[PDB]
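# Inside the fold
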2 protein chains.
Amino acid sequence: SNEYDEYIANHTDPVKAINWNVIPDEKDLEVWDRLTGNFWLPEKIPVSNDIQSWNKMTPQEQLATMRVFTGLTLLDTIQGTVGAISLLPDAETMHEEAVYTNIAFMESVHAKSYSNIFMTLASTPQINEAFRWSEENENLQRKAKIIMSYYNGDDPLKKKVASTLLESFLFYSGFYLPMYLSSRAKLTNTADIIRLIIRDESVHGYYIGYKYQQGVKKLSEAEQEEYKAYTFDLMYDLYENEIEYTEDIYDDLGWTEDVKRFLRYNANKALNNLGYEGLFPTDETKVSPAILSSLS
Amino acid sequence: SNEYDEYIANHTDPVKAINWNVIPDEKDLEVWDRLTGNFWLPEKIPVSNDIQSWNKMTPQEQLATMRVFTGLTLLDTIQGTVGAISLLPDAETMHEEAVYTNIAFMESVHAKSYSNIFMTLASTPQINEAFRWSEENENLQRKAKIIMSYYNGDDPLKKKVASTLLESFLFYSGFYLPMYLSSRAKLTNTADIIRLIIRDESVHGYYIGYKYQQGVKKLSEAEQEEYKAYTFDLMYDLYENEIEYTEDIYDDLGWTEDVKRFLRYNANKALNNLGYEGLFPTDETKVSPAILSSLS
Ligand SMILES: [Fe+2]
Ligand SMILES: [Fe+2]
Ligand SMILES: [Fe+2]
Ligand SMILES: [Fe+2]
């Protein structure tokens, strides 16, 4: 009766309802239609049909799979409950805000898909060991916290840089495994879910990077130089950290070198999304065309 | 000394990945399944087929629809970009946080649904005036600001109360009009959209209220008393304001008395969702049968 009057007193401006009849930035409407139009749930994909394929896999291939997937789940959990949410208050338009609520939900759908996969293919002990592994792995925990430090920070442009690097780069040391297996005719239904997730992250990376460029372009030439420096600096730390994560997951299988090349291919794309030139020369980013197609 | 080194130090516990194979509260899973299974976009309803009945509506009706829809749009905007989101930090389980991301998203689909109807039926001037009206109407800004003072406060249980009252009560002065009109062959397709929204909001109110009940039952005897008192005081202020708002929308139509009963009817349901008895005696909540049958 009186308790909420101080707030009313300090918020004289009117609260505004979103109006989709007037779109200040056409891109928002484009991404909204694209993202909502691409709605999906893991229950729709017959993961159960990958069982025979999953059982023929070696113990090594299964362990690697459990880990990269648990690592992907961690990233989506963060992005969905902390990342996207951290971008709302810094939006330029109300329709941009609507998009972020769609990104947060889809991230939760991505995270849930991995459990659908586990619960269909893995044993409870395997699942339990994987989540335990993700709680204790230093590289995984380190990339999670570095990203969360920015979301919990107070710089809006830096939140968008971390988000874009998480979306267009950090997931890839993990996306390599299912894409490759898919190219060898293994876990193809599981790959279908992965392709749906990539179709989403691709657009999230591009969109958030777009808002970053719009925001940073409003600063002086000199300030723009410091954000670029900060972006590359963050990429150096994330890349370094991701190289180790990758070695530990893929050394046994012996795929490490191909994953590193894929890491560099995607780092260039993440930087491009942020409006910057790539970091690695093209001849250092060779990816198999069988992996690139099944990617698309 | 990295920009993030401090954060990594202020948060020693591991970042956890959501695990859907282990569920503390089965209700979280039930609601996630019900809400995601009930997914829809306003595009799926042929609102264009309502242009005939729309034009057959009196100037007072069209005007009332415009303002009521603008008031609903405003509520979902707050709920989608601030309400559901403010609930995340206090969730008891990670699965609950996942549910809140679906709510925030669906609240945006709700806000957009109205714009869809407007663009299909109204003229740009009717639309601009409606939004101008909702920004200047003191009773609408009042409930919007009371609700937001709580979402922006630091009391988690108050956020859930405020959210449940908005979900199971504040929308209804508005849902009344589309329900009355379709029982009279007016705006029938538009009413299908309203039913889809009500189907989401009644689950939202039930769920958030359920979480409130668990949170509050973990408090001492005196605190449980105080939250119950606070819920009834707020419920009364909201109702008080809603009467004035209802009057300003329906008097020219002369439906006010029936709408007031509908308000009391849902007020009781809102308190029930928070685990308390209704505020109004049953004989004071007798809404016309046409309206309730129209909800069916
Ligand atoms: Fe994702
Ligand atoms: Fe994403
Ligand atoms: Fe809503
Ligand atoms: Fe709702």
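Right above here is the structure, for reference.
In this report, we go over the structure that sits alongside the text. (Residues numbered from 1 in each chain as written, not as in the entry; some residues may be left out. Chains lettered and ligands numbered in written order. Heavy atoms only, no water.)

### Concerning the environment of A:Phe262
Residues and elements named next belong to chain A. Among the secondary structure elements, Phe 262 is positioned in helix α12 (residues 256-273). Sequence separation between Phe 262 and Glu 43 is 219 residues; the distance between their C-alpha atoms is 29 Å. Setting aside residues no more than four positions away along its own chain, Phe 262 makes contact with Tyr 172, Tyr 176, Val 287, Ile 291 and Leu 295. (Helix = DSSP H or I, 4+ residues; strand = E, 2+ residues; numbered from the N terminus. Contact = heavy atoms within 4.5 Å.)

### Considerations on the coordination of the iron ion (ligand 3)
All names here are of chain B. Looking at the metal site, the iron ion (ligand 3) is ligated by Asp 76 (OD), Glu 107 (OE), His 110 (ND1) and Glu 201 (OE), spaced 1.7 to 2.1 Å from it. If you look at the iron ion (ligand 3), its four donor atoms make angles of 89 to 132° with each other, and the shape they trace is tetrahedral. A spacing of 3.8 Å is found between the iron ion (ligand 3) and the iron ion (ligand 4), which share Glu 107 as a donor. Note that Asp 76 is positioned in helix α4 (residues 59-87) and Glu 107 in helix α5 (residues 94-121), a separation of 31 residues in sequence. This pair shows no difference in class: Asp 76 is buried, exactly as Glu 107 is. (Donors = N, O, S within 2.8 Å, 3.2 Å for Na, K, Ca; no water. Tetrahedral: all angles 85-135°; square planar, octahedral: opposite > 155°, others 65-115°. Buried < 20%, exposed > 50% of the residue type's maximum accessible area, 1.4 Å probe, protein only.)

### Details of helix α7 (residues 138-151) of chain A
Relative to the 20 Å expected for 14 residues at 1.5 Å per residue, α7(A) spans 20 Å between its end C-alpha atoms, a close match to the ideal helical length. By the criterion of burial, α7(A) is predominantly enclosed, with twelve of the 14 residues buried. Those residues of α7(A) that sit buried are A:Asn139, A:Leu140, A:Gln141, A:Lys143, A:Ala144, A:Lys145, A:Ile146, A:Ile147, A:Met148, A:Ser149, A:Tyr150 and A:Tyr151. Among the structural elements, α4 (59-87), α6 (124-136), α8 (156-170), α9 (172-183) and α11 (221-250) of chain A together with α1 (5-10) of chain B are those in contact with the buried residues of α7(A). Capping of α7(A) at its N-terminal end is provided by A:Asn137; its side-chain oxygen lies 2.8 Å from the backbone amide nitrogen of A:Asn139. (Expected span 1.5 Å × (residues − 1). Polar contact = N/O pair within 3.5 Å; in protein donor to acceptor, adjacent residues only side chain to side chain.)

### A short note on the packing of helix α9 (residues 172-182) of chain B against helix α11 (residues 221-250) of chain B
All names here are of chain B. One can describe the packing of α9 onto α11 by two numbers: an axis separation of 10 Å at closest approach and a directional angle of 30°. Looking at the two axes, α9 sits roughly parallel to α11. For the element pair α9 and α11, the recorded crossing hand is right-handed. Where α9 approaches α11, its residues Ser 173, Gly 174, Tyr 176 and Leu 177 are matched on the opposing element by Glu 242, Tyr 245, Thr 246 and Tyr 250. Its residues assigned to classes, the contact of α9 with α11 comprises four nonpolar, three polar and one charged. (Axes fitted to C-alpha atoms, helices over the stretch in contact; angles between N-to-C directions. Parallel < 35°, antiparallel > 145°, perpendicular 65-115°, else oblique. Left-handed = near helix turned anticlockwise from the far one by under 90°. Nonpolar A, V, L, I, M, F, W, Y, C, P; charged D, E, K, R; others polar.)

### Structural notes on the interface of chain A and chain B
Taken residue by residue, the interface counts 58 residues in chain A and 59 residues in chain B. When chain A packs against chain B, the two sides together hide about 5300 Å² of surface, and 65% of this comes from carbon and sulfur. At the junction of chain A with chain B, the criterion picks out four salt bridges. Taken together, the connections running from chain A to chain B amount to 20 residue pairs in polar contact. At the level of secondary structure, the elements contributing two or more residues to the side of chain A that touches chain B comprise α1 (5-10), α2 (26-37), α4, α5 (94-121), α6, α7 and α11 of chain A. Of all the elements, α5(A) adds the most residues to the side of chain A that touches chain B, at 13 residues. Among the residues making up the side of chain A that touches chain B, the classes are represented as 29 nonpolar, 19 polar and ten charged. (Buried area = accessible area lost by both parts, 1.4 Å probe. Salt bridge = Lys/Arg side-chain N within 4 Å of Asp/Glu carboxyl O.)

### Re α4(B)
All names here are of chain B. Here α4 is 29 residues long and its end C-alpha atoms lie 41 Å apart, about the 42 Å a rise of 1.5 Å per residue gives. Along its length, α4 shows its largest kink, about 45°, at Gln 79. Across the 29 residues that make up α4, a large majority, 24, are buried. (Bend = angle between axes of the 7 residues up to and from the residue.)

### Describing the coordination of the iron ion (ligand 2)
Ideal values differ by geometry: the angle at a metal is 109.5 degrees with four tetrahedral donors, but 90 or 180 degrees with six octahedral donors. Residue and element names in this part refer to chain A. Around the iron ion (ligand 2), the protein contributes the donor atoms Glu 107 (OE), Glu 167 (OE), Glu 167 (OE), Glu 201 (OE) and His 204 (ND1), which lie 1.9 to 2.4 Å from the metal centre. A spacing of 3.8 Å is found between the iron ion (ligand 2) and the iron ion (ligand 1), which share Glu 107 as a donor. Of this pair, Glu 107 sits in helix α5 while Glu 201 sits in helix α10 (residues 188-216), placing them 94 residues apart in sequence. According to the relative accessible area criterion, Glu 201 is buried, its value standing at 0%.

### With respect to the layout of surface pockets
Approximately 450 Å³ is the volume found for the largest pocket. Surrounding the largest pocket, 23 residues form its lining, A:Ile78, A:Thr81, A:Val82, A:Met148 and B:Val15 being those nearest its centre. When residues of the lining of the largest pocket are traced back to their parent elements, those giving at least two are α4, α5 and α7 of chain A together with α5 of chain B. For the lining of the largest pocket, the element with the highest residue contribution is α4(A), accounting for six residues. A breakdown of the residues in the lining of the largest pocket according to their chemical character gives ten nonpolar, seven polar and six charged. (1 Å grid on protein atoms, 1.4 Å probe; cavity = no way out; pocket = protein on both sides within 12 Å on 5 of 7 lines; lining within 4 Å. Points joined across faces, edges and corners; volume = space filled by probe spheres on them.)

### A short note on the relation of the copies chain A and chain B
With an RMSD of 0.6 Å, the fit of chain A onto chain B corresponds to turning through 180° and sliding 0.0 Å along the axis. Both chain copies can therefore be described as sitting about a two-fold axis. Same-surface contact between copies: 97% of interface residues of chain A are shared with the interface of chain B. (Least-squares fit on C-alpha atoms.)

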